[PDB]
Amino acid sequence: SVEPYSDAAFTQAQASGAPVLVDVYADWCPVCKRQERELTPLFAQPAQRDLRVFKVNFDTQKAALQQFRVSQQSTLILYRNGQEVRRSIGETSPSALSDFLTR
């Protein structure tokens, strides 16, 4: 699933046991645009079937940025079982983004 970040939906996703992707975007970022392109089909693939994606708007959700220790748009943070596994900034290789979600 893909949904806008909110406190309540994020906390419920983290308590669910499912993997969670925090995707920090900006409406005027060509990298972000580019990422979104390549991530959208990856989100629909069977290996991603349990992934809960939250889109954090860099411009409007500043409390979320502090929580996630995020200083740049195009940051991706992957959680499993409620704990951060890895993060990535600015990556636009389709194979690298696939592997970021999969490994």
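Numbers follow the displayed sequence, beginning with 1.
Stretches 74 to 82 and 56 to 64 differ in mean CA B factor, with 56 to 64 having the higher one. As recorded in the PDB entry, 24 to 32 is the stretch of 24 to 32 and 45 to 53 with the greater mean C-alpha temperature factor. Sort the modelled residues of the chain by CA B factor and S16 lands in the highest third.
Among the modelled residues of the chain, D7 sits in the highest third by CA temperature factor in this PDB entry.
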